[PDB]
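First comes one chain, alone, set out as structure tokens in the form solved without the named molecule.
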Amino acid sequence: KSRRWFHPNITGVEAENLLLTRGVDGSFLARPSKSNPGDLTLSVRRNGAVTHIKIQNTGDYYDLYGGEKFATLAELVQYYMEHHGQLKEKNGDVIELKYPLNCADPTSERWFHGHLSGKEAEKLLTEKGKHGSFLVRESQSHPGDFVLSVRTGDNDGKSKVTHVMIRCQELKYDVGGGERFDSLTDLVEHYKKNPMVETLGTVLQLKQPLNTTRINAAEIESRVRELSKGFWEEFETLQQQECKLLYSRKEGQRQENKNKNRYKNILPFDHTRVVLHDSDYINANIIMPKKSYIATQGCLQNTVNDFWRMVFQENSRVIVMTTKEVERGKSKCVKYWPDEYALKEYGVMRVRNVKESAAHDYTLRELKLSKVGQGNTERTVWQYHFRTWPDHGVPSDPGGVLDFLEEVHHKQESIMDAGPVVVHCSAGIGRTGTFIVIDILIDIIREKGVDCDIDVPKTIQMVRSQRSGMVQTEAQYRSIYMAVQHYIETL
């Protein structure tokens, strides 16, 4: 599901049009809604009419109206393309997702810039680019045409930049002869597989798009200023890449494991799932960026014992909890720790709550975890329970967030051979992914100094390849920039 079925700037009327005139029954597209930001609409054609299904994400997962909850839009679409009869209209009424109505718009492509000059394209390609780096810009010469600028090189023996005219005639694109493509993306994909060769020998390889998101950490404030009056655009360009991350989640799908998941369709990747060698399943993934994380869901009553098996096995010594046990009347996490001073056995695992320390935003619980029957397997696990995450959106004071983050960091660093830092919320991808990504970026700055490069979208995509949908919303996306900005500007 190459997110081509996602149309980043399109009306409801435009969508109906497109489906009726360019589609058939079973055609579908996804669009960001303008009843409200953060909400998507899945527009589907059936019986010659178009229906619109709402999809909300308030930060925890994608909530399909009248359907199930999903980690990403790609994972939602993949599910319903392989599960006909499941997507229902007004009770029972099977809506079918058959044929993705693709988008011709290049706007959210990593290689598309437009509004860009030949000499400026050269600057950027010489500044940040390498061999095979490319981009497509609008032609300032003949207005409506496009230009493909490519760095050919080799250290990577710098060398050269080439510009290839792309002509646009009767709403099709070509490079001067040969095939005429319906979209810039089709042109680029075609010459990605069939590299244009120069009359003289040079092969114009399109390897990777020009990086436009990596900044110097010291300059993040200027970047944030630039984005504050286009955060949305950089987010959508990251979203479009999630189609690359549809890895298998077989184990979480097994019958014996179904009810060990808080949300049926929000599962851990097989290739990074935490495997319990002590039945072998828990809805949790190792996140490897030296400090690593386990990103996991809040306990269900029947996974409390497996959670402590995991903490013990993985030698985790710090837990970060980013949710109340219940919010808005719903249960986000069952209490998996004893009351202060109490001792409990959770299966073969025994834990005592040694002491609780209350701060304003969080409560720290000093827990001692051992295997029942085996003294001297005991270790302290420090549960940092963050209590003040708001019901809507994200924290609005970077001070307390960064105080909490710094404390959690320094606890982990003081413990010899501590294992992954366990982080969880409700589904374990939204608030969890946001914390982890911030902590990773701030770890980069804290080690390499304020002069280092950081790349926020790239770091997120790297983490999302290890667990589905890490970082859920645009609000959380912006919050990552704000947190790193504050950290930088308090140094």
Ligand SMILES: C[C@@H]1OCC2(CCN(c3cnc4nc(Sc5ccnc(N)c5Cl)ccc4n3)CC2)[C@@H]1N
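When you see a residue number, it is the position in the sequence shown, counting from 1.
- Unmodelled residues of the deposited sequence between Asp397 and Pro398: none, the chain being continuous.
- Unmodelled residues of the deposited sequence between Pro289 and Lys290: 10 or more.
- Mean CA B-factor, 65-73 versus 36-44: the higher value falls on 36-44.
- When 378-386 is weighed against 109-117, 109-117 comes out higher, by mean CA B-factor as recorded in the entry.
- Take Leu246, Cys299, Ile95, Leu369 and read off each C-alpha B-factor from the entry; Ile95 has the highest.
- Listed residues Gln78, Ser139, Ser414, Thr237 were ranked by CA B-factor as deposited; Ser139 comes out on top.
- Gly23: CA B factor in the middle third of modelled residues in this chain (values from the PDB entry).
- When the modelled residues of the chain are ordered by their C-alpha B factor, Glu447 lands in the highest third.
- In the PDB entry, a CA B factor belonging to the middle third of its chain's modelled residues is recorded for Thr185.
- Annotation for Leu29: C-alpha temperature factor in the middle third relative to the rest of the modelled chain, per the entry.
- Compared with the other modelled residues of the chain, the Cα B-factor recorded for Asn285 ranks in the lowest third.
What comes next is about the form solved in complex with the named molecule, which is not displayed.
- Put simply, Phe112 is close to the named molecule in the deposited complex: some heavy atom of it is within 4.5 Å.
- Not displayed here, the named molecule is kept clear of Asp280 by more than 4.5 Å at the level of heavy atoms in the deposited complex.
- At a distance threshold of 4.5 angstroms between non-hydrogen atoms, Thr213 is in contact with the named molecule in the deposited complex.
- Looking at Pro457, you'd find a heavy atom of it within 4.5 angstroms of the named molecule in the deposited complex.
- Just one listed stretch, out of 158-166, 411-419, 102-110, 304-312, contacts the named molecule in the deposited complex at the 4.5 Å heavy atom level, and that stretch is 102-110.
- Only one of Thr185, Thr237, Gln205, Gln383 comes within 4.5 Å of the named molecule in the deposited complex through a heavy atom, and that residue is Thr237.
- Only one of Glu407, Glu233, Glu345, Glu179 lies close to the named molecule in the deposited complex, with a heavy atom inside 4.5 Å, and it is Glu233.
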